Number of protein chains: 2
Amino acid sequence: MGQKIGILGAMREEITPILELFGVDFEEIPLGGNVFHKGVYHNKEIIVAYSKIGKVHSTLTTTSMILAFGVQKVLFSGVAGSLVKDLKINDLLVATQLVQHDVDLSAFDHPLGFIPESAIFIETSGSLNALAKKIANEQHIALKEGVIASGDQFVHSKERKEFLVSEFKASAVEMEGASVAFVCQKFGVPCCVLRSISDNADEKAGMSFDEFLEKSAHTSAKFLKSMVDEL
Amino acid sequence: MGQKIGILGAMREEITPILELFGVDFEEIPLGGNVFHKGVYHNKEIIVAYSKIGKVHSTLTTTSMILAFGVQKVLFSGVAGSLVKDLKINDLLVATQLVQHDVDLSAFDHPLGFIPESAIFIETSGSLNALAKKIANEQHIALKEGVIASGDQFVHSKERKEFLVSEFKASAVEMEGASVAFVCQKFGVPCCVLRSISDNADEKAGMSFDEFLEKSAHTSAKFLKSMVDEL
Ligand SMILES: N[C@@H](CCSC[C@H]1O[C@H](O)[C@H](O)[C@@H]1O)C(=O)O
Ligand SMILES: N[C@@H](CCSC[C@H]1O[C@H](O)[C@H](O)[C@@H]1O)C(=O)O
Ligand SMILES: Nc1ncnc2[nH]cnc12
Ligand SMILES: Nc1ncnc2[nH]cnc12
């Protein structure tokens, strides 16, 4: 058999298209409040789950994928808010680095985003990111490679947008990427975080999110499947 | 053998007194960026670790304790900031409920602290909390039983204090309790979160924290050991 691949989304809506697109039989396995969908695709074992929203949920689920299911790589798919003009609704990006944008130990003179015995930016797999870029070029689609800021707030203001851009030079904002990538780094598991834009993280982001969740989730899922087809 | 007990702190300073007070031989086992100290005490296996600071770190470590080490209960010990007048420096409390105070999905009209498919407040073990209160009464020490607010910021302002009290009726603030308790709930593992006050979460909290970290960490550790002696 090939590698075992963990495939993660945050919301059920982000994994529904994944399960459908792979099209194989899945066994449902409950653990730690999550349901893991276990299947075989192109002689690879795939484990698919949605974590539920936010850093604690996604940390837990990623740790379970690694410790309980023994996945050898983790691919994340879902939606995100755009922080840069060149990322429009439906556009894709892969995260070259991620940060937890809501971490604040400034009382002890630490840079924002920094925790002692850790680092501001978390790295993802250069190999998987390069693969994504090659596939995007072949398919003639744009693919941004940039910084993703993750936090436990849904961002919907110009003020917070300006902070994420100024402080971290982030291209998109979401609520799980940094934590998924962090867990993978700690266990030496290659990680790729893929997102499709659903909104502009501004005052109208809630309504945009609702309008575009289904399409953007599908766009990311279809691209993730394209990557697995090359693995 | 009795139960297997996981014992968790956030910082090395919070577990140093734990290792010393138990006084037994520990085997050091690395996993996921943490070092787990495995020992035998009063015919119980104890697994001691510090997670590192914050929600992602503590979620990961608690999940590892459960999935990799098979702990049957988790006791947390460390320091916290006081939000109520009757909790003074060095005073102890156990968390009856915890909340992630920095969670904000208000863009979708959710109450602060709420995430879909979860709950605002996380419960801890009534049995362990009752045990703590009984021990405190016997030792003639005060022990508050209240709400702990956890987030990824070190709180050091009157404004944020007023929010935690008004929104959640929290008695103390820290950076790991809610996430540790959350993981334990998801896996059906009894949890007790114990904290000793190190500061008042106000403008001077940084300096107070530095002054009292050692003593407050020891106070919590000594009390945690008192509980294990009854288990
Ligand atoms: N409208 C939903 C909340 C979406 S929070 C934004 C999510 O989308 C992206 O995957 C982020 O990382 C979060 O998981 C609800 O009200 O249930
Ligand atoms: N002065 C330290 C940062 C302490 S953050 C407060 C910690 O204490 C309590 O355990 C909280 O939950 C956090 O873990 C440093 O600068 O490394
Ligand atoms: N604006 C936003 N903030 C946080 N997570 C998001 N996911 C999609 N859009 C988001
Ligand atoms: N004021 C504070 N805020 C967050 N975590 C803490 N731990 C101890 N004091 C704290």
Side-chain angles (χ1 to χ4, degrees), chain A residues 56, chain B residues 5-11 14 18 51 53-55 57-59 61-62 65 73-103 112-114 118-137 141-155 161 163-165 167-201 216-217 219-224 226-228 231:
Chain A
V56 172
Chain B
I5 306 182
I7 297 172
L8 193 61
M11 301 174 60
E14 292 163 334
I18 296 175
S51 60
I53 296 165
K55 301 190 294 182
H57 277 136
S58 60
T59 301
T61 308
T62 306
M65 279 199 166
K73 43 170 36 83
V74 170
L75 307 177
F76 186 100
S77 174
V79 304
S82 170
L83 300 177
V84 291
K85 195 178 182 179
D86 57 312
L87 278 175
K88 315 164 301 285
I89 308 301
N90 203 64
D91 283 344
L92 287 163
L93 79 156
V94 282
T96 51
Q97 294 182 308
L98 303 96
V99 56
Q100 296 182 59
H101 71 72
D102 58 353
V103 163
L112 297 174
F114 180 78
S118 190
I120 295 174
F121 292 106
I122 306 309
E123 310 292 322
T124 51
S125 169
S127 184
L128 289 168
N129 293 342
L131 173 64
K133 188 60 182 185
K134 271 153 53 176
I135 288 170
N137 289 338
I141 45 192
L143 178 72
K144 188 72 170 264
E145 303 182 66
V147 173
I148 288 186
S150 305
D152 275 348
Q153 311 79 42
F154 184 87
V155 175
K161 286 184 68 176
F163 165 78
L164 300 177
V165 172
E167 184 72 22
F168 301 115
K169 300 302 200 64
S171 287
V173 61
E174 33 91 314
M175 304 176 69
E176 302 83 28
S179 41
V180 173
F182 180 91
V183 171
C184 289
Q185 276 291 350
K186 295 303 144 160
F187 286 101
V189 170
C191 180
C192 179
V193 174
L194 184 71
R195 299 282 193 165
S196 176
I197 301 307
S198 58
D199 61 86
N200 297 311
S216 295
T219 295
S220 187
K222 194 174 187 58
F223 193 87
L224 183 148
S226 302
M227 294 180 63
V228 176
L231 288 177

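Per chain, numbering begins at 1; letters A, B, ... match sequence-line order. Values reported hereafter were calculated over all heavy atoms of this structure, with side chains retained and with hydrogens, waters and symmetry mates removed.
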Using only atom types and a distance under 3.5 Å, with no angle test, would you say the side chain of [X] pairs donor to acceptor with the backbone of [Y]?
X: B:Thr96; Y: B:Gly146; answer: yes
X: B:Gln185; Y: B:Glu123; answer: yes
X: B:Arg195; Y: B:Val79; answer: yes
X: B:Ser226; Y: B:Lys222; answer: yes

Original post:
B:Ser171 and B:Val147: side chain to side chain contact (heavy atoms under 4.5 Å, CB included), yes or no, with the steps?
Top reply: CA-CA 6 Å; B:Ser171 287; B:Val147 173; 5.6 Å; no
Original post:
Where is the tightest heavy-atom contact between B:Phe168 and B:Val99, given as atom of each residue plus distance?
Top reply: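 Looks like CE2-CG2, 3.5 Å.
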**OP:** Output the distance between atom CD (B:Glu14) and atom OG (B:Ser216), rounded to the nearest 0.5 Å.
**Re:**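 Rounded to the nearest 0.5 Å, the CD-OG separation comes out at 10.0 Å.
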Subject >> Basic-acidic side-chain contact under 4.0 Å: B:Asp91, B:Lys144 >> reply: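 Result for this pair is no, no salt bridge flagged.
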**OP:** Report the residues that fulfil side-chain hydrogen bond (donor to acceptor under 3.5 Å, both in side chains) with B:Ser196, sequence neighbours left out, ordered by chain and then residue number.
**Re:**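 side-chain hydrogen bond (donor to acceptor under 3.5 Å, both in side chains) check on B:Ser196 returns nothing, list empty.
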Original post:
Does NZ in B:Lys169 sit with more than 12 non-hydrogen atoms of other residues, nucleotides or ligands closer than 6.0 Å?
Top reply: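 Counting other residues, nucleotides and ligands, NZ of B:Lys169 stays at 12 neighbours or fewer.
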**OP:** In sequence, state the C-alpha distance, the side-chain angles, and the governing distance for B:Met175 and B:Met11, and then conclude on side chain to side chain contact (heavy atoms under 4.5 Å, CB included).
**Re:** CA-CA 11 Å; B:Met175 304 176 69; B:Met11 301 174 60; over 6 Å; no
Original post:
With distance as the sole criterion, is a donor-acceptor pair present between the side chains of B:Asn129 and B:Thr124 under 3.5 Å?
Top reply: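 Per modelled atom types, B:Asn129 and B:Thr124 side chains form a pair under 3.5 Å.
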Taking the side chain as every heavy atom from C-beta outward, state whether [X] and [Y] have any pair of such atoms under 4.5 Å apart.
X: B:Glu176; Y: B:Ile53; result: yes
X: B:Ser77; Y: B:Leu75; result: no
X: B:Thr62; Y: B:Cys184; result: yes

**OP:** Check step by step if side chain to side chain contact (heavy atoms under 4.5 Å, CB included) holds for B:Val94 and B:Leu128.
**Re:** CA-CA 9 Å; B:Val94 282; B:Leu128 289 168; over 6 Å; no
**OP:** Let me see the working for B:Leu93 and B:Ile197 under side chain to side chain contact (heavy atoms under 4.5 Å, CB included), right down to the final yes or no.
**Re:** CA-CA 8 Å; B:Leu93 79 156; B:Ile197 301 307; 4.1 Å; yes
